[PDB]
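Okay, structure first, notes after.
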Amino acid sequence: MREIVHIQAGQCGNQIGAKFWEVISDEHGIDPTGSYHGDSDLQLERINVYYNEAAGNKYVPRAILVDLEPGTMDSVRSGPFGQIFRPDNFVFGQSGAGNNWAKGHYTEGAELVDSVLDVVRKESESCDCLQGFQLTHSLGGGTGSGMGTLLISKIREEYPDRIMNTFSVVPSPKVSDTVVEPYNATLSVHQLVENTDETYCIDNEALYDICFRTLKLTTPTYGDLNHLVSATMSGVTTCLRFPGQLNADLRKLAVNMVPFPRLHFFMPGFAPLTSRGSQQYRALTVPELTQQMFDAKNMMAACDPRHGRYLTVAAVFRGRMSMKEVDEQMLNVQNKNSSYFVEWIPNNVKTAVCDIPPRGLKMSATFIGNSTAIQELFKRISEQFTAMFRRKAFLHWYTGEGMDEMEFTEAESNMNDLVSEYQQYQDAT
Amino acid sequence: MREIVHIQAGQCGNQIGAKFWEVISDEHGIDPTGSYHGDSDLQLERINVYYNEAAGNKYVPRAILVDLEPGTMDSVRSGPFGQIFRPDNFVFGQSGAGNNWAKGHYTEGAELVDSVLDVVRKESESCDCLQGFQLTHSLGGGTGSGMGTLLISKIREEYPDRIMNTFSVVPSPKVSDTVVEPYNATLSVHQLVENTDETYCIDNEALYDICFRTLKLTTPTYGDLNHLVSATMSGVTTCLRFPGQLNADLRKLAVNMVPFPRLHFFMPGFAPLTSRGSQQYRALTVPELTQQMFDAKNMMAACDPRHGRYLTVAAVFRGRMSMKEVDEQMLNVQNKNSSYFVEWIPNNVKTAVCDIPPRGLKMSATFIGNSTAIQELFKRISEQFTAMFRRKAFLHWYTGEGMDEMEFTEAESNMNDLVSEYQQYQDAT
Amino acid sequence: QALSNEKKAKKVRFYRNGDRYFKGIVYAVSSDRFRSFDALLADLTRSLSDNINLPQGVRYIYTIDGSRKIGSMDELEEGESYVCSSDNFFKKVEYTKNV
Ligand SMILES: Nc1nc2c(ncn2[C@@H]2O[C@H](COP(=O)(O)OP(=O)(O)O)[C@@H](O)[C@H]2O)c(=O)[nH]1
Ligand SMILES: Nc1nc2c(ncn2[C@@H]2O[C@H](COP(=O)(O)OP(=O)(O)O)[C@@H](O)[C@H]2O)c(=O)[nH]1
């Protein structure tokens with residue numbers, strides 16, 4: 001049991017998912033047809049969490065793909081592992097978002113949100129024991145900010161107990177891929193703090209550095225950028241799909257990592273990340289994988305963790321290894337960096353150990369670290385919002401879609417409530 | 001025994017039947033010559049219900065084909081499986097209906113109804129134990145509304161005990177294929193509520209949506225529309241022609257589905273209905289076939305069942321399956337949709353399970369659901385009648401055929417008696 | 001000045017005629033999206049009738065009460081529903097119950 005329904009939204013969240021389902025099919029051994037060509041019977045035992053068995057030994061992904069124009073869905077069905085999806089799940093409109101939250105959430109979302117929830121409710125009944133949903137979108141564009149946050153509110157009113165986690169892409173601070181991205185981010189963080197459980201903030205700028213510096217890549221396309229996000233998304237639920245010595249899941253991370261009902265924005269991190277030639281000048285041990293998860297050059301949210309304190313740390317390991325060798329390192333990085341952790345939470349490291357490695361490697365990891373260092377991320381969104389709102393510019397595109405100036409006030413005031421909270425628990429006593 | 005005499009009328013009812021006898025011959029294995037080329041001996045055991053054995057191992061359909069002009073009968077004998085009918089049964093006049101109920105029922109029907117009943121009475125004596133008749137016509141045109149309802153009254157005066165069911169085609173609400181179709185429908189429903197036992201209301205508009213949306217067809221001709229009606233007509237009597245675990249027939253559905261001697265207008269429904277490419281992304285189980293029979297997008301009478309309550313539900317399944325798996329689903333859709341069923345009839349679902357599937361599939365179904373949702377169908381006929389009668393327009397074509405204004409009064413008042421009854425049993429206590 | 005006239009969308013609801021099981025979609029009705037009232041009938045055409053309602057389309061917009069035929073867009077007010085019909089005859093059912 002414990003099945004998961006995957007929801008995609010926007011141009012960004014589709015292309016993340018279109019690489020993500022390639023990664024999951026590489027573990028469980030699924031051809032682009034949809035049949036099975038594996039070697040181990042452990043791949044087929046927990047297969048139901050991301051699959052429904054069709055008639056004739058074929059498996060389909062439990063995915064829901066949402067857009068407002070068919071310019072992206074045609075790319076998904078044409079690419080490899082595009083025939084694997086069911087043709088009913090491609091729900092899409094015709095008007096297009098226009099890179100607008102107000103078009104994505106109020107007007108053109110309302111003509112489509114009823115068509116999506118029929119696909120949601122059909123997939124919810126077919127599962128035996130529903131574990132929880134997951135969503136992949138972006139806070140910059142129109143669809144992933146508007147249509148996504150509309151789907152979160154409609155689900156939470158109908159499922160007030162299931163876990164709901166989003167791999168949201170927060171816009172980078174230096175470059176700006178959208179002129180109105182301080183409006184799309186601020187009007188969507190107001191939705192996320194009240195209707196989710198945990199949220200994995202990913203910045204684009206941190207992903208460019210890892211391919212450039214750490215992996216030593218010359219021409220990083222998005223297929224090499226999204227492959228790091230998809231390897232992170234598989235690493236969160238990798239103990240739910242495989243037997244392990246110490247097991248955790250989406251529920252246990254939602255209890256451990258989240259000590260307060262608002263403070264639930266995380267930052268991910270993956271290890272090991274070698275080069276194409278430097279993968280022989282490195283010994284793959286647990287203390288080697290430990291000292292790569294914690295440095296600043298291997299985060300994914302563009303914020304140095306040294307500016308704030310950690311609160312909770314999850315370290316999901318994969319592959320066979322000594323439990324003593326794990327428990328020694330998780331104590332070791334907690335003693336010497338004693339100022340970098342919060343004091344009134346003792347033993348603030350949650351450990352999970354799977355057994356089966358990723359395809360190709362011997363052992364791996366996945367860093368899920370909550371911190372106060374993401375107060376810097378909401379400084380720059382709250383500053384760039386007020387820099388653009390005090391002149392009331394780029395505003396008539398949102399007023400004409402049924403919105404007032406008071407909605408911008410409560411959304412911004414909700415964000416400065418949040419930065420006051422991370423500031424308070426940095427200097428507790 | 002238990003033989004059935006099939007009667008066709010009008011241009012519509014002939015072309016439905018001309019595809020229907022192709023479907024029955026595909027089950028029992030009959031060539032266009034009339035010989036036998038089957039594989040299983042179960043096809044020849046109950047063959048007598050729709051056939052009479054001729055001399056020399058040839059079988060003929062027990063059909064009676066009626067028209068008022070030979071423009072349609074020439075198309076039947078020229079098409080494939082047109083040589084299979086007997087040349088004596090083609091009873092047809094020369095004047096033509098003129099798309100007129102008053103010509104079809106009074107004047108030109110009287111010169112032909114004596115010639116039809118000699119063919120009826122000849123086929124009634126050749127059968128050993130007569131099960132009952134069936135009729136295929138339409139309430140829009142001239143012949144199927146006038147000549148058909150004249151044949152129903154002449155049969156019921158001579159057979160006051162046999163079952164009499166009609167697959168009448170009720171005209172669609174939005175488009176209008178006939179200017180005077182509120183007159184042909186109203187003057188024929190007055191005949192049907194007093195001389196039949198059960199009636200399967202089929203709308204054209206619902207059949208266009210199923211080929212467009214559900215089957216994903218590009219160019220639906222009537223051969224693809226009538227193939228859904230003929231698959232429904234075979235599915236009603238499919239337990240009478242084959243052995244099954246739990247058996248029902250035309251008599252048992254007339255007792256279960258009909259709790260009052262007037263409230264007997266049904267709506268059909270067929271499942272499964274895949275696409276040409278989407279037939280592999282679907283598992284054929286009993287809970288899959290259950291959740292397709294009950295939604296609004298797979299009815300055949302243009303009325304959403306959610307506007308009213310059900311009263312009785314027949315679910316004739318085909319193919320080998322678990323009886324527990326059927327009885328669990330027929331309880332499951334009755335508990336969660338508890339407001340959508342009538343209260344003072346408990347366990348309002350009749351189940352019948354055959355053994356032999358249709359040609360090509362593994363398991364199938366047939367939904368026969370009575371409801372109060374067909375009060376909307378008789379609102380629009382009763383409204384469009386009074387919108388055209390208060391000006392007394394298109395009326396001189398009916399007065400000149402021997403009719404008064406009082407006949408329009410009692411026919412319309414009979415219909416508002418019927419809508420008052422379905423309104424009353426929607427709010428019982 | 002630059003803080004302009006605040007081109008504002010009314011938030012009005014549209015119950016379609018007769019359909020008791022219908023909620024009414026809030027449209028961003030402004031003077032910028034519709035230069036004329038006759039253009040407002042065009043947007044009401046596709047987004048109200050799907051399979052079973054309104055063969056005549058959209059002709060007459062009534063009030064929710066309803067005792068008045070809506071003229072131009074100046075006869076609309078912010079935050080009130082309107083019964084959208086397509087004939088002279090009006091249906092008196094409880095539209096606004098349980099929004
Ligand atoms: N990481 C990543 N971000 C992407 C990708 N494609 C688009 N984006 C992000 O998506 C945002 C642009 O919005 P868009 O994808 O069109 O979404 P929508 O406008 O809401 O439909 C920017 O923040 C881009 O950085 C991709 O392949 N990878
Ligand atoms: N479903 C269906 N309806 C048909 C077909 N052919 C004609 N009709 C219907 O028949 C009606 C027209 O009347 P007609 O068939 O000429 O019958 P008549 O005038 O009484 O002889 C309309 O309601 C058509 O929709 C067909 O192949 N399939």
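Labels for the structure tokens follow display order: chains A, B, ..., residues from 1 in each chain, ligands from 1.
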For this session: Could you please extract the residues within 9 Å of ligand 2, counting only C-alpha atoms and all ligand atoms, and hand them back as an NGL selection string?
Result: :B and (9-16 or 67-69 or 72 or 96-101 or 104 or 137-148 or 169-172 or 176-178 or 181 or 202-204 or 207 or 221-223 or 225-226 or 229)
For this session: Could you please select, counting only C-alpha atoms, the residues of chain B within 10 Å of chain C and state them as a list in words?
Result: residues 172, 173, 174, 175, 176, 205, 206, 209, 302, 303, 304, 306, 307 and 376 of chain B
If you keep N, CA and C atoms, can you produce a file of those selected residues as a PDB file, in the first residue's frame?
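File written: out.pdb
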```
ATOM      1  N   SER B 172     -33.616  14.822 -29.652  1.00  0.00           N
ATOM      2  CA  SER B 172     -32.656  15.543 -28.834  1.00  0.00           C
ATOM      3  C   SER B 172     -33.150  16.962 -28.551  1.00  0.00           C
ATOM      4  N   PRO B 173     -32.770  17.545 -27.405  1.00  0.00           N
ATOM      5  CA  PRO B 173     -33.304  18.868 -27.053  1.00  0.00           C
ATOM      6  C   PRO B 173     -32.689  20.045 -27.798  1.00  0.00           C
ATOM      7  N   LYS B 174     -31.377  20.042 -28.037  1.00  0.00           N
ATOM      8  CA  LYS B 174     -30.743  21.238 -28.595  1.00  0.00           C
ATOM      9  C   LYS B 174     -30.973  21.350 -30.097  1.00  0.00           C
ATOM     10  N   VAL B 175     -30.448  20.405 -30.867  1.00  0.00           N
ATOM     11  CA  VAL B 175     -30.739  20.399 -32.290  1.00  0.00           C
ATOM     12  C   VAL B 175     -32.111  19.772 -32.502  1.00  0.00           C
ATOM     13  N   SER B 176     -32.726  20.097 -33.631  1.00  0.00           N
ATOM     14  CA  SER B 176     -34.043  19.583 -33.971  1.00  0.00           C
ATOM     15  C   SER B 176     -33.984  19.046 -35.388  1.00  0.00           C
ATOM     16  N   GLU B 205     -28.275  12.979 -29.334  1.00  0.00           N
ATOM     17  CA  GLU B 205     -27.224  13.886 -28.874  1.00  0.00           C
ATOM     18  C   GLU B 205     -26.260  13.206 -27.911  1.00  0.00           C
ATOM     19  N   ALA B 206     -26.753  12.264 -27.110  1.00  0.00           N
ATOM     20  CA  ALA B 206     -25.873  11.539 -26.207  1.00  0.00           C
ATOM     21  C   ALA B 206     -24.983  10.565 -26.958  1.00  0.00           C
ATOM     22  N   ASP B 209     -21.757  12.331 -28.353  1.00  0.00           N
ATOM     23  CA  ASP B 209     -20.718  12.651 -27.383  1.00  0.00           C
ATOM     24  C   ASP B 209     -19.850  11.444 -27.077  1.00  0.00           C
ATOM     25  N   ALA B 302     -30.396  11.884 -22.997  1.00  0.00           N
ATOM     26  CA  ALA B 302     -29.723  13.147 -22.700  1.00  0.00           C
ATOM     27  C   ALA B 302     -30.342  13.762 -21.451  1.00  0.00           C
ATOM     28  N   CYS B 303     -29.896  13.256 -20.304  1.00  0.00           N
ATOM     29  CA  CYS B 303     -30.275  13.773 -18.998  1.00  0.00           C
ATOM     30  C   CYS B 303     -29.244  13.302 -17.984  1.00  0.00           C
ATOM     31  N   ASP B 304     -28.712  14.236 -17.219  1.00  0.00           N
ATOM     32  CA  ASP B 304     -27.776  13.893 -16.161  1.00  0.00           C
ATOM     33  C   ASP B 304     -28.543  13.226 -15.027  1.00  0.00           C
ATOM     34  N   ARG B 306     -27.786  13.034 -11.987  1.00  0.00           N
ATOM     35  CA  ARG B 306     -27.612  13.699 -10.705  1.00  0.00           C
ATOM     36  C   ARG B 306     -28.737  14.672 -10.391  1.00  0.00           C
ATOM     37  N   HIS B 307     -29.525  15.074 -11.388  1.00  0.00           N
ATOM     38  CA  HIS B 307     -30.615  16.003 -11.119  1.00  0.00           C
ATOM     39  C   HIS B 307     -31.764  15.327 -10.389  1.00  0.00           C
ATOM     40  N   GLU B 376     -36.811  15.750 -16.883  1.00  0.00           N
ATOM     41  CA  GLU B 376     -36.308  16.824 -17.728  1.00  0.00           C
ATOM     42  C   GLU B 376     -36.609  16.568 -19.193  1.00  0.00           C
TER      43      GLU B 376
END
```
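As for CA of residue 126 (chain B) and CA of residue 152 (chain B), they are spaced 20.3 Å apart.
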Exercise. When the cut-off is 8 Å and we count only C-alpha atoms, which residues of chain A are near chain B, given as a VMD selection string?
Worked result: chain A and resid 53 to 55 60 86 to 87
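Candidate residues C:8, C:46, C:91, C:33 were compared for distance to residue 65 (chain C), and the nearest is C:91, using only C-alpha atoms.
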For this session: DSSP on the backbone, then: every residue of region 18-95 of chain B marked alpha helix (DSSP H), written as a PyMOL selection string.
Result: chain B and resi 18-28+73-78
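Straight-line separation from CA of residue 239 (chain B) to CA of residue 66 (chain B): 28.3 Å.
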For region 320-324 of chain B, list every protein, DNA or RNA residue within 10 Å, evaluated using only C-alpha atoms, and leave out those in the same chain fewer than 6 positions away; present the list as an mmCIF file with C-alpha atoms, in the first residue's frame.
```
data_model
loop_
_atom_site.group_PDB
_atom_site.id
_atom_site.type_symbol
_atom_site.label_atom_id
_atom_site.label_comp_id
_atom_site.auth_asym_id
_atom_site.auth_seq_id
_atom_site.Cartn_x
_atom_site.Cartn_y
_atom_site.Cartn_z
ATOM 1 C CA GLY B 244 -25.381 -17.994 -16.666
ATOM 2 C CA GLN B 245 -24.783 -18.154 -12.947
ATOM 3 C CA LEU B 246 -27.625 -15.777 -12.054
ATOM 4 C CA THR B 285 -11.859 -5.555 -13.796
ATOM 5 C CA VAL B 286 -15.336 -5.483 -12.291
ATOM 6 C CA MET B 330 -23.218 -2.910 -6.208
ATOM 7 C CA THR B 351 -27.996 -8.153 -10.869
ATOM 8 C CA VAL B 353 -24.568 -12.521 -14.691
ATOM 9 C CA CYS B 354 -24.163 -14.346 -17.999
ATOM 10 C CA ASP B 355 -21.168 -16.485 -18.960
ATOM 11 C CA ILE B 356 -20.265 -15.859 -22.618
ATOM 12 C CA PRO B 357 -18.652 -12.498 -23.478
ATOM 13 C CA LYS B 362 -13.332 -10.489 -22.143
ATOM 14 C CA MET B 363 -16.090 -9.012 -19.985
ATOM 15 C CA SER B 364 -18.802 -6.442 -20.582
#
```
For this session: May I have all residues of region 60-259 of chain B that DSSP, computed from the backbone, assigns to strand (DSSP E or B), given as a VMD selection string?
Result: chain B and resid 60 to 61 63 to 67 90 to 92 130 to 136 138 163 to 166 169 to 170 198 to 200 202 to 203 244 to 246
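Here the question is which of B:403, B:63, B:349, B:313 gets nearest to residue 106 (chain B) using only C-alpha atoms, and that residue is B:403.
Shortest atom-to-atom contact with ligand 1 among A:420, A:136, A:348, A:292: A:136, counting only C-alpha atoms and all ligand atoms.
Distances here use only C-alpha atoms and all ligand atoms; by that measure, the residue among A:168, A:124, A:416, A:384 closest to ligand 1 is A:168.
Counting only C-alpha atoms and comparing C:23, C:6, C:37, C:1, the residue that lies closest to residue 74 (chain C) is C:37.
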For this session: For residue 316 (chain A), work out the shell of residues within 6 Å, counting only C-alpha atoms and skipping chain neighbours fewer than 6 positions away, then give it as a ChimeraX atom specification.
Result: /A:352-353,365-366
Problem set entry | All residues 12 Å or closer to residue 111 (chain A), only C-alpha atoms, same chain fewer than 6 positions away omitted, as a VMD selection string | (chain A and resid 68 91 to 96 103 to 105 117 147 150) or (chain C and resid 24 to 27 46 to 48)
Problem set entry | Separation of CA of residue 375 (chain B) from CA of residue 268 (chain B) in Å | 15.7 Å
